[PDB]
Amino acid sequence: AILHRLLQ
Amino acid sequence: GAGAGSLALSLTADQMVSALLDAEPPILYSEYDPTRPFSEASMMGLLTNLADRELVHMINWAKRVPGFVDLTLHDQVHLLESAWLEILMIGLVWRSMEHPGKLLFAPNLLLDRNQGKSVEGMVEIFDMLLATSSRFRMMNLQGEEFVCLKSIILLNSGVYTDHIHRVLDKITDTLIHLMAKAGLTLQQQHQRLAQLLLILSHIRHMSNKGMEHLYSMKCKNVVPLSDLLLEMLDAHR
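The deposited coordinates for this entry were obtained by X-ray crystallography, with a reported resolution of 2.2500 Å.

A.B. asks: Requested: an account of the overall build of chain B, with residues and values cited.
C.D. replies: For chain B, the count of helices and strands is 8 helices and 2 strands. The secondary structure elements of chain B, listed N-terminal to C-terminal, are α-α-α-β-β-α-α-α-α-α. Along the first, second and third principal axes, the C-alpha set of chain B runs to 50 × 40 × 30 Å. Considering chain B as a whole, with its 237 residues, one finds that 49% of them fall into the buried category. Counting every atom, chain B has about 11200 Å² of accessible surface; 53% of that belongs to carbon and sulfur.

A.B. asks: Residue-level account of the interface of chain A and chain B, with values.
C.D. replies: In this complex, chain A contributes 7 residues to the contact, which on the side of chain B involves 12 residues. For the pair chain A and chain B, the summed buried area comes to about 940 Å², and 78% of that belongs to carbon and sulfur atoms. The largest share of the area that chain A buries against chain B comes from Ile2(A), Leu3(A) and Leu7(A), three residues that together contribute 64% of it. Taken together, the links from chain A to chain B amount to 0 salt bridges. Taken together, the links from chain A to chain B amount to 2 residue pairs in polar contact. Here the side of chain A that touches chain B is composed, by residue class, of 5 nonpolar, 2 polar and no charged.

A.B. asks: Could you give an account of the packing of aromatic side chains, with specific residues and numbers?
C.D. replies: All names here are of chain B. All told, the structure shown has 2 aromatic pairs over all chains when counted by the stated rule. Pairing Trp94 with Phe146 gives two aromatic rings, centres 4.9 Å apart and planes at 10 degrees, and the pair type is stacked. Taken as a pair, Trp94 in helix α3 (residues 73–95) and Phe146 in helix α5 (residues 143–156) lie far apart in primary sequence, 52 residues in all. When its relative accessible area of 23% is taken as the criterion, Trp94 is described as partly exposed. Plain terms: the ring middles of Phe105 and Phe126 are 5.5 Å apart, the flat faces sit at 45 degrees to each other, and that makes the pair tilted. Of this pair, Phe105 sits in strand β1 (residues 102–106) while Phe126 sits in helix α4 (residues 122–139); the two residues are 21 residues apart in sequence, bridging distant segments of the chain. Like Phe105, the residue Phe126 is buried in the burial classification.

A.B. asks: Would you mind going over the packing of helix α6 (residues 163–181) of chain B against helix α7 (residues 186–220) of chain B in detail, with residue names and values included?
C.D. replies: Residue and element names in this part refer to chain B. Two numbers describe how α6 lies on α7: the axes approach to 10 Å, and their chain directions differ by 130 degrees. As the angle between them shows, α6 and α7 are arranged oblique. In this structure, the crossing between α6 and α7 has a hand that is right-handed. Contacts from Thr172, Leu175, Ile176, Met179 and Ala180 in α6 reach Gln189, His190, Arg192, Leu193 and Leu196 in α7. Split by residue class, the contact of α6 with α7 holds 6 nonpolar, 3 polar and 1 charged.

A.B. asks: Describe unusual backbone geometry, listing the residues and the values that go with them.
C.D. replies: Generally, phi is negative for residues other than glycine and the peptide bonds are trans, each holding for most cases. All names here are of chain B. Cis geometry is adopted by the peptide bond preceding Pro37, which originates at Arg36 and carries an omega value of 5 degrees. Relative to the elements of secondary structure, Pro37 occurs in the loop between α1 (13–22) and α2 (40–63). Positive phi, normally seen in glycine, also occurs at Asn221, with a value near 60 degrees. Inspection of the secondary structure assignment puts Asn221 in the loop between α7 and α8 (227–236). Despite not being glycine, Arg237 shows a phi value in the positive range, around 65 degrees. Residue placement: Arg237 occurs in the segment after α8. With relative accessibility at 76%, the residue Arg237 sits in the exposed group.

A.B. asks: Tell me what's going on with the pattern of salt bridges, and back it up with residues and numbers.
C.D. replies: All names here are of chain B. Counting across every chain of the model gives 9 salt bridges over all chains. One salt bridge in this structure joins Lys150 and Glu24, with 2.9 Å as the shortest N-O distance. Here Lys150 is found in helix α5, whereas its partner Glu24 is found in the loop between α1 and α2, with 126 residues between them in sequence. The class of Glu24 is partly exposed, set by a relative accessible area of 29%. Among the salt bridges present, the one from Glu212 reaches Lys209, with a minimum N-O distance of 3.8 Å. Pair noted here: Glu212 and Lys209 are both in helix α7, with a separation of 3 residues, about one helical turn. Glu212 gets classed as exposed once you look at its relative accessible area, which sits at 51%.

A.B. asks: Outline the side chain of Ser207(B), listing residues and values.
C.D. replies: Residue and element names in this part refer to chain B. Topologically, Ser207 is positioned in helix α7. On the basis of relative accessibility, which here comes to 1%, the residue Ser207 falls in the buried class. In this structure, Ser207 is in contact with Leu85, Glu86 and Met89, ignoring residues within four places of it in sequence.

Quick notes on the rules
- Residues numbered from 1 in each chain as written, not as in the entry; some residues may be left out.
- Chains lettered and ligands numbered in written order.
- Heavy atoms only, no water.
- Helix = DSSP H or I, 4+ residues; strand = E, 2+ residues; numbered from the N terminus.
- Buried < 20%, exposed > 50% of the residue type's maximum accessible area, 1.4 Å probe, protein only.
- Areas by Shrake-Rupley, 256 points an atom, 1.4 Å probe, with all protein chains shown as cover.
- Contact = heavy atoms within 4.5 Å.
- Buried area = accessible area lost by both parts, 1.4 Å probe.
- Salt bridge = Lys/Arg side-chain N within 4 Å of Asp/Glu carboxyl O.
- Polar contact = N/O pair within 3.5 Å; in protein donor to acceptor, adjacent residues only side chain to side chain.
- Nonpolar A, V, L, I, M, F, W, Y, C, P; charged D, E, K, R; others polar.
- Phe/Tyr/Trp six-rings, centres within 6.5 Å; stacked < 30°, edge-to-face > 60°.
- Axes fitted to C-alpha atoms, helices over the stretch in contact; angles between N-to-C directions.
- Parallel < 35°, antiparallel > 145°, perpendicular 65-115°, else oblique.
- Left-handed = near helix turned anticlockwise from the far one by under 90°.

Right, here's the structure in full:
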């Protein structure tokens, strides 16, 4: 899940 | 308790507007000029390329919205998953206000409703986006009001699918202050707050029609979609 990585 | 003690809840209305303006993403140009006329595939290709690039900046903005990074990464994912097309859409209609009968997707990508015919079922959505743009133009929607509303969309759109409620109250207070300082009576303030918040139900509606469109275009395999964009779509089903 890209959004988890981009948001951290 | 997540958020309990947040800076977000301490901000003055002037500081909340300052934080929101500072958080603004850039206005993206299309990386391509389109050849005339459009096909369904070149139209969806421009629009999905643009939205992909706007998503990356949307994530940076989201982090700089007061209240947002006080949530778990889990909840931040869910709000962005729920809100992302409504946020693309409020931005599009805001940027399109000074271009009657047209959608300013980018300074070098202004489309009229006819060019929306090149894609099956796109004309209905453009009509609804144009009307929203046209309503904001009627209402003389101010920059400061726009960023407040875009923050509310972020915080509200997935909130039933309490700190979030406290930040929304904070943004409501900020909108009313902007309206008071511009010399609207209390009557005109409450009426304006309600008029803008009622438009958000229409942005939600366009988002839901948009998403059905985006899912129908996934199946047709007409245009490639980014992994990020395929994730966003899967979150709605």
